[PDB]
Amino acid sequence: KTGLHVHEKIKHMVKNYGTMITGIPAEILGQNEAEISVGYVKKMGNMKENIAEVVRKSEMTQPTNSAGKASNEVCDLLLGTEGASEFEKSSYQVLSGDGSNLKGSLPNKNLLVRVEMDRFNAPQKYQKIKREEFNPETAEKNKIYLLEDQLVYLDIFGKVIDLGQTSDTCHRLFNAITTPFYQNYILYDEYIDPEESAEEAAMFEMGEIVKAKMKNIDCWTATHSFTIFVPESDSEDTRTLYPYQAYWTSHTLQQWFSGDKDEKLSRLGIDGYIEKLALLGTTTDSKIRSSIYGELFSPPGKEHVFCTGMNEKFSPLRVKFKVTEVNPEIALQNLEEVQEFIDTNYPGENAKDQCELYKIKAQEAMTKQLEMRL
């Protein structure tokens, strides 16, 4: 019931204060937003009344919708800067097929899980090229390159990675592809038939060569980040978890807590959540992946359109987790320090007027900076 007080406390504070739980003075936000947003001011005319509109347009006091920043703020509040920094040093563990290692990493103590989810950023394009033509720095990145004597992959960093093909195979595939359009095309075209022509057989064979070689090339890049608070419970059949998350260009942690999606996903139960999380990484069906992604990571209400049509999850996903312990008194003390900071520097009879006063202070600092500079 004390870890439950921790959860209730952080939920209430995020819901009522948005970005103010970061403990950062409004003046700093205003000044740095003025420093980044001076090029957007109209350079002519009465610009004081013209910087008024750029200050009004600003959303500097709105909480971040970067999921990584939200996870960082949650870790800060729950572990202090020190325990957060030490949690940073821990290594992620890839989730198992059944998610059993995660549930085995959840003893009946106040726990914090941090999850990083990766896309498989495999190359989707190929191009014939001659070794004289090839310059890795300027060439297109994350792209397969077919040469007369070599088949390489130019990765996301610009490192040429050989695909273990002989000059005979490469010469055959290079000369078999004659059509001028297929000189710079895609790797896995559904409408290509290998038995129709020799060129399309070449393209299919190259596609499968790359598809097999990528199976052991680290194409994983991070696409999502969230946290999970699992408090201690009286039993084991009443214990529950609460996922905390923002989503890039979708919603803030504030909006997540407002729609109570933490409680909705807590109703799934520990095993109920972990099973879906593991299936997300193990499945091959694109729409099963899409529906689980939308159930778990969408803002409340948009579960059924989050990953449909164009946002369909076609890339294989992988879930990684790290777990540490939460001392409820440290978390409550951090939250109390944030609350006293807010009440002392931004007074008011309710959190809402305090948020507005914070916004006004930020806007005034931004105005003073933009004025003293122009």
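In this text, residue numbers run from 1 along the sequence as written.
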Seminar exercise, completed: Going by the entry, of stretches 99 to 107 and 74 to 82 the one with greater average Cα B-factor is 99 to 107
Exercise. Quick one: higher average CA temperature factor, 5 to 13 or 360 to 368?
Worked result: 360 to 368
Exercise. Looking at 309, 316, 63, 68, which has the highest Cα B-factor in the entry?
Worked result: 309
Seminar exercise, completed: Entry record, C-alpha B-factors for 37, 345, 327, 333; the maximum is at 37
Problem set entry | residue 207, C-alpha B-factor rank within chain (lowest, middle or highest third) | middle
For this session: Sorting the chain's modelled residues by C-alpha B-factor, tell me whether residue 299 ends up in the lowest, middle or highest third.
Result: lowest
Problem set entry | Lowest, middle or highest third - CA B-factor, residue 291 | middle
For this session: Please rank the C-alpha B-factors of the chain's modelled residues and tell me whether residue 20 sits in the lowest, middle or highest third.
Result: lowest
Problem set entry | B-factor third for the C-alpha atom of residue 231 within its chain | middle
